[PDB]
Amino acid sequence: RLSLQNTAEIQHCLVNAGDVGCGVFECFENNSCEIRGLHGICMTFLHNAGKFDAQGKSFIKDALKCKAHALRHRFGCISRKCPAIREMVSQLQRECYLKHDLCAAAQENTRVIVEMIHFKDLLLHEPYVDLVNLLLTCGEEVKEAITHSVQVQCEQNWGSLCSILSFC
Amino acid sequence: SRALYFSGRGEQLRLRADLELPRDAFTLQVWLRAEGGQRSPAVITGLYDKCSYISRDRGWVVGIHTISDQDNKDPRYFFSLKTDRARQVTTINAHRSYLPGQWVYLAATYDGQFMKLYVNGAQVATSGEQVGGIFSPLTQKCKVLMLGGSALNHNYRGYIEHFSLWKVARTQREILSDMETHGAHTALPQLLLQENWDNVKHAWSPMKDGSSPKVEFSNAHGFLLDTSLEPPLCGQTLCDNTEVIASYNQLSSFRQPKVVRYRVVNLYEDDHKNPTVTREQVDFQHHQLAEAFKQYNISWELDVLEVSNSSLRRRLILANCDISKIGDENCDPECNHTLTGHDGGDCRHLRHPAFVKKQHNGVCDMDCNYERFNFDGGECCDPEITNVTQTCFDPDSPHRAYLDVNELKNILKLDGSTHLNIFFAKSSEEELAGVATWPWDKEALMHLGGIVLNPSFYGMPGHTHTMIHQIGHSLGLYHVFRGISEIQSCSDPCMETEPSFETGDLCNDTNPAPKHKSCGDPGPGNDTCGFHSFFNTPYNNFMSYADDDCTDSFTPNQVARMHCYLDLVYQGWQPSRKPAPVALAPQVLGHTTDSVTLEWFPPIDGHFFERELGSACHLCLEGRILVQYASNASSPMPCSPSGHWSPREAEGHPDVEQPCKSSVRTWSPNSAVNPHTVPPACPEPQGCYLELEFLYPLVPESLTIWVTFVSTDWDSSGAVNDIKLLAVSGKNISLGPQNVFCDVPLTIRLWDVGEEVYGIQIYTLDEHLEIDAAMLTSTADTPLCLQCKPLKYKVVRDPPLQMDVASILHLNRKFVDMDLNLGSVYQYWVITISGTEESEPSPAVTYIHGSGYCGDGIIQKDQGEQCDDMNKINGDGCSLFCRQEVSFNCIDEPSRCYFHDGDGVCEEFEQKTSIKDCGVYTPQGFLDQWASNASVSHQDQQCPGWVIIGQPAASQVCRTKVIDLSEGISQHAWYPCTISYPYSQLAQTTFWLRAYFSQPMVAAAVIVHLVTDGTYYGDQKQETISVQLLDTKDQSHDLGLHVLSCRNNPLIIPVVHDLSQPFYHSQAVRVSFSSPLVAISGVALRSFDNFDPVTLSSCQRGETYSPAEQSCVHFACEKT
Amino acid sequence: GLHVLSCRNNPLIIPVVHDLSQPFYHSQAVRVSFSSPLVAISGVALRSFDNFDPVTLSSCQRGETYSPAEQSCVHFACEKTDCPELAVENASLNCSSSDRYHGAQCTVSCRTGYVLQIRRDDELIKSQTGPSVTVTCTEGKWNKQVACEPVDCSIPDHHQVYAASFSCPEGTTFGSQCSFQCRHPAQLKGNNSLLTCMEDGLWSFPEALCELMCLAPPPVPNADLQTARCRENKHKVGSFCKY
Ligand SMILES: [Ca+2]
Ligand SMILES: [Ca+2]
Ligand SMILES: [Ca+2]
Ligand SMILES: [Ca+2]
Ligand SMILES: [Ca+2]
Ligand SMILES: [Ca+2]
Ligand SMILES: [Ca+2]
Ligand SMILES: [Zn+2]
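Residues numbered from 1 in each chain as written, not as in the entry; some residues may be left out. Chains lettered and ligands numbered in written order. Part of a larger assembly, values for the part shown. Heavy atoms only, no water. Residues with missing side-chain atoms left out of burial classes, pairs and counts.

For this entry, the PDB record names cryo-EM as the structure determination method and reports a resolution of 5.02 Å.

## Quick word on the overall build of chain B
Selection rule: Numbering of helices and strands runs from the N terminus; a helix is a DSSP stretch of H or I covering at least four residues, while a strand is a stretch of E covering at least two. Each radius of gyration reported is based on C-alpha atoms, and the globular scaling rule is 2.2 Å times the count of residues to the power 0.38. Working definition: with a 1.4 Å probe on protein chains only, accessible area under 20% of the residue-type maximum means buried, over 50% means exposed, and in between means partly exposed. In this description, contact between two residues means that some pair of their heavy atoms is separated by no more than 4.5 Å. Note on areas: Shrake-Rupley, 1.4 Å probe, and residue coverage restricted to the protein chains presented here.
A count of helices and strands for chain B gives 14 helices and 50 strands. In terms of overall dimensions, chain B is globule-like: its C-alpha atoms have a radius of gyration of 34 Å, near the 32 Å expected for 1120 residues. In terms of overall dimensions, chain B has a C-alpha envelope of 100 × 95 × 80 Å along the principal axes. Taking all 1120 residues of chain B together, 54% fall into the buried category. At a minimum sequence separation of 6, the contacts of chain B that also span at least 24 residues come to 68%. A total of about 47800 Å² of accessible surface is found on chain B, and carbon and sulfur atoms cover 55% of it.

## Considering helix α4 (residues 54-73) of chain A
Residues and elements named next belong to chain A. Short version of the rule: To estimate how far a helix should extend, the number of its residues minus one is multiplied by 1.5 Å.
Its 20 residues give α4 an end-to-end C-alpha distance of 28 Å, which sits within 8% of 28 Å, the value for a rise of 1.5 Å per residue. Taken together, the buried positions of α4 are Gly-56, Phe-59, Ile-60, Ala-63, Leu-64, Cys-66, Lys-67, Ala-68, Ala-70 and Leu-71. Residues of α4 that are buried make contact with α1 (4-16), α2 (23-28), α3 (38-48), α5 (82-99) and α6 (102-108).

## What about the coordination of the calcium ion (ligand 2)?
All names here are of chain B. The cut-off we apply is this: Sodium, potassium and calcium take a 3.2 Å donor cutoff, other metals 2.8 Å, and in both cases only N, O and S atoms count; water is not among them, so sites may look incomplete. Think of it this way: with four donors and all angles in the 85 to 135 degree range, the site is tetrahedral; with four or six donors, opposite ones beyond 155 degrees and the rest between 65 and 115, it is square planar or octahedral; otherwise it is irregular.
Donor atoms from the polypeptide that bind the calcium ion (ligand 2) are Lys-358 (O), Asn-361 (OD1), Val-363 (O), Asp-365 (OD), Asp-376 (OD) and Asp-376 (OD), placed at 2.4 to 2.8 Å. One way to put it: the six donor atoms around the calcium ion (ligand 2) meet at angles of 54 to 164 degrees, and that makes the site irregular. The motif formed by the donor residues of the calcium ion (ligand 2), counted along the single chain, is K-x2-N-x1-V-x1-D-x10-D. Classification of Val-363 as partly exposed rests on a relative accessible area of 45%.

## Focus on the pairing of strand β12 (residues 208-214) of chain C
Basically, it comes down to this: At least two bridges found by DSSP between two strands is the condition for calling them paired.
As defined by bridge partners, strand β10 (residues 186-190) of chain C adjoins β12(C) across five bridges and the pair is classed as antiparallel. By the bridge assignment for β12(C), C:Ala186 is matched with C:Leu212.

## Some words on the coordination of the calcium ion (ligand 5)
Residue and element names in this part refer to chain B. Every protein donor of the calcium ion (ligand 5) is listed here as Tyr-853 (O), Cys-854 (N), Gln-860 (OE1), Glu-865 (OE), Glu-865 (OE) and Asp-868 (OD), and their distances to the metal cover 2.2 to 2.9 Å. Here the calcium ion (ligand 5) binds six donor atoms, and the angle range of 50 to 170 degrees at the metal identifies the geometry as irregular. On the accessibility criterion, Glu-865 (1% relative accessible area) is buried.

## Here we look at the packing of helix α3 (residues 242-250) of chain B against helix α10 (residues 556-568) of chain B
All names here are of chain B. This is how the line gets drawn: All axes here are fitted lines through C-alpha atoms, helices being fitted over the stretch that makes contact, and every angle between N-to-C directions spans 0 to 180 degrees. An angle below 35 degrees is treated as roughly parallel, one above 145 as roughly antiparallel, one from 65 to 115 as roughly perpendicular, and anything else as oblique. All amino acids are sorted into three groups, where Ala, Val, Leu, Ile, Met, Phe, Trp, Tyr, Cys and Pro are nonpolar, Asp, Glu, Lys and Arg are charged, and the leftover types, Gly among them, are polar.
Look at α3 against α10: their axes get within 9 Å of each other, and the N-to-C directions meet at 105 degrees. For the element pair α3 / α10, the angle class is roughly perpendicular. In this structure, α3 contributes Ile-245, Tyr-248 and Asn-249 to the contact, and α10 contributes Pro-556, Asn-557, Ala-560, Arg-561, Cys-564 and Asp-567. Its residues assigned to classes, the contact of α3 with α10 shows five nonpolar, two polar and two charged.

## Section: the sheet that holds strand β24 (residues 620-621) of chain B
Residue and element names in this part refer to chain B. Taken in spatial order, the five strands line up as β24-β25-β33-β28-β31 in an open sheet, and their pairing is antiparallel. Bordering the open sheet on either side are β24 and β31 (746-749), each of which pairs with just one other strand. The pairing of strand β25 (residues 625-629) with strand β33 (residues 770-778) spans three bridges and is antiparallel. Residue pairing in the sheet places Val-627 in a bridge with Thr-777 of β33.

## With respect to the interface of chain B and chain C
This is how the line gets drawn: In short, buried area is how much 1.4 Å probe accessible area vanishes from two parts on joining, totalled over both. Salt bridge, as applied in this entry: a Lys or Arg side-chain nitrogen positioned within 4 Å of an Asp or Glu carboxyl oxygen. For the purposes of these results, a polar contact is taken to be a pair of N or O atoms within 3.5 Å, where, inside protein, one atom must be able to donate a hydrogen and its partner to accept one; residues adjacent in sequence count only when each atom of the pair is a side-chain atom.
Every contact between the two is made by 59 residues of chain B and, on the other side, 50 residues of chain C. The contact between chain B and chain C buries some 4900 Å² in all, and 62% of this surface belongs to carbon and sulfur atoms. Looking only at chain B, the three residues that lose the most surface to chain C are B:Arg85, B:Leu1059 and B:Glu1109, adding up to 18% of its buried area. Our count for the chain B to chain C interface comes out at one salt bridge. The salt bridge involving B:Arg85 is made with C:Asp200; its shortest N-O contact spans 3.8 Å. Connecting chain B to chain C are twelve residue pairs in polar contact.

## Some remarks on the interface of chain B and chain A
Every contact between the two is made by nine residues of chain B and, on the other side, eleven residues of chain A. Between chain B and chain A we count zero salt bridges in total. Considered class by class, the residues forming the side of chain B that touches chain A number five nonpolar, three polar and one charged.

## Quick notes on empty space enclosed by the protein
Put simply, the rule is: Cavities and pockets are found on a 1 Å grid laid over the protein atoms alone: a cavity is a set of points where a 1.4 Å probe fits but cannot escape, a pocket is an open set with protein on both sides within 12 Å along at least five of seven lines, and a lining residue has an atom within 4 Å of such a point. Grid points are joined across faces, edges and corners, and a volume is the space filled by probe spheres set on the points.
Taken as a whole, the largest cavity encloses approximately 230 Å³ of empty space. For the largest cavity, the lining is made up of 18 residues, of which B:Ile705, B:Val720, B:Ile723, B:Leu746 and B:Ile762 are closest to its centre. Classifying every residue of the lining of the largest cavity by side-chain character gives 15 nonpolar, three polar and no charged. Counted as a void, the second largest cavity has a volume near 170 Å³. Forming the walls of the second largest cavity are A:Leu2, A:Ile10, A:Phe28, A:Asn31, A:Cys33, A:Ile35, A:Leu38, A:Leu71, A:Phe75, A:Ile85, A:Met88 and A:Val89. Top element by residues in the lining of the second largest cavity is α5(A). It accounts for three residues.

## Re the packing of helix α4 (residues 279-293) of chain B against helix α9 (residues 465-474) of chain B
Residues and elements named next belong to chain B. How we decide: Crossing chirality is assigned from the near helix's rotation relative to the far helix, an anticlockwise turn below a right angle marking it left-handed and a clockwise turn marking it right-handed.
Look at α4 against α9: their axes get within 10 Å of each other, and the N-to-C directions meet at 65 degrees. Between α4 and α9 the crossing geometry is right-handed. Residues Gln-285, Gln-288, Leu-289, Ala-292 and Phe-293 of α4 touch α9, and the partners they reach there are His-465, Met-467, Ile-468 and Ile-471.

## Some thoughts on the nonpolar core
Taken as a class, soluble globular proteins show a tendency for nonpolar side chains to be buried jointly. All names here are of chain B. Our working definition: We define the nonpolar core as a collection of buried residues of types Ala, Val, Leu, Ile, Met, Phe, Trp, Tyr and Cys that are connected through side-chain atoms lying within 4.5 Å of one another.
Core analysis: the largest hydrophobic core is formed by 55 residues, its most contacted members being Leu-289, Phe-293, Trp-300, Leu-453, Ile-468, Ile-471 and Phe-554. Considering every element that reaches this core, the biggest residue donor is α10, with seven residues. Those residues in contact with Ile-471, other than ones at most four positions away along the chain, are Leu-289, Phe-293, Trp-300 and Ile-451.

## Section: the pattern of salt bridges
Residues and elements named next belong to chain B. Evaluation of the coordinates by the stated rule reveals 42 salt bridges over all chains. Its salt-bridge partner being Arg-749, residue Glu-216 comes within 3.5 Å of it at the nearest N-O pair. With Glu-216 in strand β15 (residues 214-216) and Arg-749 in strand β31, this residue pair connects regions lying 533 residues apart in the sequence. Note that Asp-722 and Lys-724 form a salt bridge whose closest N and O atoms lie 4.0 Å from each other. There is no split in this pair, since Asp-722 and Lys-724 are both buried.

## Regarding unusual backbone geometry
The residue after B:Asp798, namely B:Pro799, is reached through a cis peptide bond having omega 0 degrees. Residue placement: B:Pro799 occurs in the loop between β34 (792-798) and β35 (814-817). Cis geometry marks the peptide bond from C:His184 to C:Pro185; its omega dihedral reads 5 degrees. Its identity as a non-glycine residue notwithstanding, B:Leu225 has a phi of 50 degrees, on the positive side. Within the secondary structure layout, B:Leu225 lies in the loop between β15 and α3.

## Some thoughts on the state of the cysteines
In plain terms, the rule: Note on terminology: disulfide denotes any pair of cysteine sulfur atoms within 2.5 Å.
Using the criterion set out here, one finds 35 disulfides over all chains in the structure. Across a sulfur-sulfur distance of 1.6 Å, B:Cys239 and B:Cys564 are joined as a disulfide pair. With B:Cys239 in the loop between β15 and α3 and B:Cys564 in helix α10, this pair connects stretches of sequence that are 325 residues apart. You can call B:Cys564 buried: its relative accessible area is 2%. Two residues share a disulfide in this structure: B:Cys1117 and C:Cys78, whose sulfurs sit 2.0 Å from each other. Between B:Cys1117 and C:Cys78, the S-S dihedral sits near 130 degrees, and the bridge is therefore right-handed.

Written out as structure tokens, the structure is:
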């Protein structure tokens, strides 16, 4: 259901925007498929890569490069339907994260990622959903910290709604 | 003689210093044949001041470039000149887009004050901006003449012959004399040089590294009696020519009862049951056709073809319903049908998400049988799950409930070359019963053409002349209401306000009409434009959309059109093997005391040789050469191995109606994907490639590609990566990237390819390019043409030949009549003999020996002659039959003719047409006031503002996307040269200019003379200027912000205010902008003609108001 | 367009706004359309201008007038009666008739290097491109006043002569001659440095050039010049000296 003019402008951006920077994911925002936060992903994680350790910086640069390059190359003959677009975006995200060792790098900087993650951000965008879903599969201490953080902000912004949804 | 072939890669030459170079006057004249797709801007020859380090523009340059540099569309010849005394370059271009592959004589004359550029010996450009000598003798050694392309690699691709140059500006008489010499070599005092190319190195030197072009022999300096009878604006074939249609109108022998073999195709089941149309319908429709066309000398041999396939009879043969359509979330009434699932759910909106449970059941569900539910994921299209004849609405399954007519034609592979194949479908549309191929279309003679009809109306009384209307479509007959209803808009150049041979229906006997369904005269309000009513509309004509009962005739012009289209397009359809006659009457070249030369035209189909089947000679041409179109096409599927593919659009002849636009009749990298799917980008520089194959492998001589659209963004590589020739040897001959023009097809010479060649592989990196068709021409006397016999001719005269001559045959289409007598009148005609068979004799020509004839250099108005150039070539301002060509007024015998528009002189009929020569002519102007004083924001001695005062030199030309503003610009225009260039502060200094005028007055518009638009080469932003009008009370009436452009320069800005307020006499115009690169050489008040409410607001009886002078003053006389 | 009704504003006065470039349109009627059945209108009034109407004003010629109050342009019998002796400076007067009666024509033509400025009775100076214009005593009045102005070739810049400074003691008006002086190291080579201005608005051919040569290169320390020709001071731009 993605508009043809949207497809043309996204492929123009991709062939124009380089591998580095937010340029690839900047144009991907404001699309008909409503997959948002990619520009936010790049912007926030390039803010906070300095807070990440040296291995964290290496991993985050590698993941950004993988995302841009792969999402540009594999954006070929996929059907016009948005659900397929979201599925392939999630697949590319998880593939880059697993091939660049998201789990251990997150383990070294659990507090930092706790700082970036926000309840509104996970409530709004499916990318950060994929990130946190993989994060809960990246270490018992890391998943415990992520659960504590998500409970804290979820109850801050929801109150009793968060508790009643989290039955036990 | 000899000619020089330049490949365009830098095979340039410098004139040796042994020969002097003229300083005041000269005349260049060369024969040439320019291949298409030159690197724009392209140079062929030029004089350069090699010692002028900063201003290399001094000198003169000839060549071809595109008018409207941005998104290049107009490749034309040009000449540019800048004398050393002059401060800048003037330039001029050709009148029309140059035709590639044609031998043309080009000349350029400069007398020191008049610069003239003449094509084909006809005047097309004159100017006088540059004055005085080109350069002082002091810099004579600095001047170097260098040919083949500029040092900027602006090379030329093609052939050059007879490089001649005078030291004086020759007259039109002189240049036409030199043209008719066409290669005469002799020394004259004014002739600086006359090159025969025999010893080029004697007077010329090559570039470095031996970049030398090729030397060949001049095939022909000129060819008399140009056979390229181009069809009119609405014309598409030779059948549209007025001369041939008149000849067919006069010759009833040409219209002997036309037996046409037409075949009706019927479909049965496997057991030969359930016909698409019953035999009674076929017989009744054939009888109606016979009754309709016996009076037009037309008889129809009815052939009936039958095909039996039960697997196809059950399914639905949709018409005008594309398979790629349906399910596109948009309602398509032509595709809306129950067997299409109401356009696959687009034309049927309902509460869909209640049937999600119906999915995954493994059984076809009607609610799931829509695009939203993926047509149950193909369950309804699965034959095992359910029947596919009423459920398969998904347009992917090979077992679909429906197909289109084109796929059926692909299955059939019929003999359309010998019969008009008739097919049947469902006529969903109400205005017509189907869509039929035109005679000029690709598929008319191919197995894809035919007429589709609805069996519900076929053979039905009351609905029988609609099939006649479809046949009229198939015979090239335009709609009798064309020119009113079929126009693109009211500005369509095919306005049929009156019945004519070139407007709308192209018939002089068909009254103008709108798209009227009924068979009565349309009432008021039926006009699409609304300008005029309709009188005596041909509703009785079979062609009109009138009801089939009322449509009962065909106008004689339509009869002649059908005759001509049968004779030319449908040669193989008619029975017998009678040879094709000569389309037009033979022409009298010239007569001696007792001998006169006679030539005629080739056969209308063009087949100069015998029409034998199987052998390729049925497409052989003169000189025993062969020319063919693209036979088969293919390309790889994206994201898929191999690909196969077969785009029929990229095959055959070029069919696009208008180039420089994305047209569906062309192959595209985008057009090879699923529309409901993201199109993959074509790969990295290996080359997204489309391969073509030809019907007959052959040793080639030249190749041509009809590009229709191209990406406008990147470089000049033409968006084409490489061309890979496919010979029978299996070798892939790489040609590298080429240069493209959106209209002119790419032409390439194939001299080095001496091997049999069957195909081609075009490689492009473009994601928007389009290719229409391809064509190939063979070398001289190719072996595929030797075995076959060329057609001959016999010339018969009234009175007959005095000597008992059997016409000794005619293979050169030439004869000379020894039998002549002064004053005696003779009638001439010719018969085309294809061996022993006899063709229709050509129309006779009446000639009087020793009498004035069309083409003797003397006008004979009694013959209807409007010009006599003594030349039988169109395009020189005088047509083939002594009628002045459009926009080319001329006098004198022989008629030296000129492009009247744009030369610089205005006349009575140019007032309403030539704004360039006469200006705008509405009663709101237009004697423009020019600046008398000019104050600017950044005034300096280097870049003064007072250059804005008055009209600047018209030789100044706007430069688009300037790298920087040199001091040469400042000498004519003002730009802020004083200010520096800090990129953090260049956007805040609002540079402004105040052009004051000698006497304040209001203006209809504002003329802004932009030398530089201010746009940077690396920036896509067009600079904005805040135009304000400063009046006598100095009120800054800010007209507002407007976008600059070199294309619109001189920019014309309309002026609007409030009616409740009066005008205001504008003393000055202030233009303010944030662009340091904007240079304006002058601002003009396009003054209002004869009205001014300013002082009119205070008038009383006893005092008058000057209309033109636009002020109210006390008066002495009047009121008596 | 659409306007909102109100009893307070009754009678409603609506101004007229249109393109002033286009002429007006003589209103024969006013159409008011509304979707309210309760609207009752008792009269429509055209509140006209004083004396201006570009409609017929757009098509007027010399010899016909335009009535102020009634605002239309019509042919007239009287007016345009003033023909004294036609004197134009720096111009040639080809008079059709020597007498200055009604209908006398005289073509005023600007001479070499002259621009024809046409001053009429009001604030419109229109410099016609044609150097010659025929002023007619239409009913005994010269319909246009004409004059001839001189021309100039502007100041000569470095494009005229490179590596030179241009002095114009008498300006650039027609007949002037500006002198270019070769700024060092450029030197004068030729016959004359006074470039003359013609009627073309462009200066004369360069009778001299300002050649820029580098002097003899200084001896590079601890190095000897290998190029014998370089001991001279005459070394054009790009001359090479090997050390
Ligand atoms: Ca559809
Ligand atoms: Ca189902
Ligand atoms: Ca007609
Ligand atoms: Ca095509
Ligand atoms: Ca004649
Ligand atoms: Ca001719
Ligand atoms: Ca003209
Ligand atoms: Zn039709």
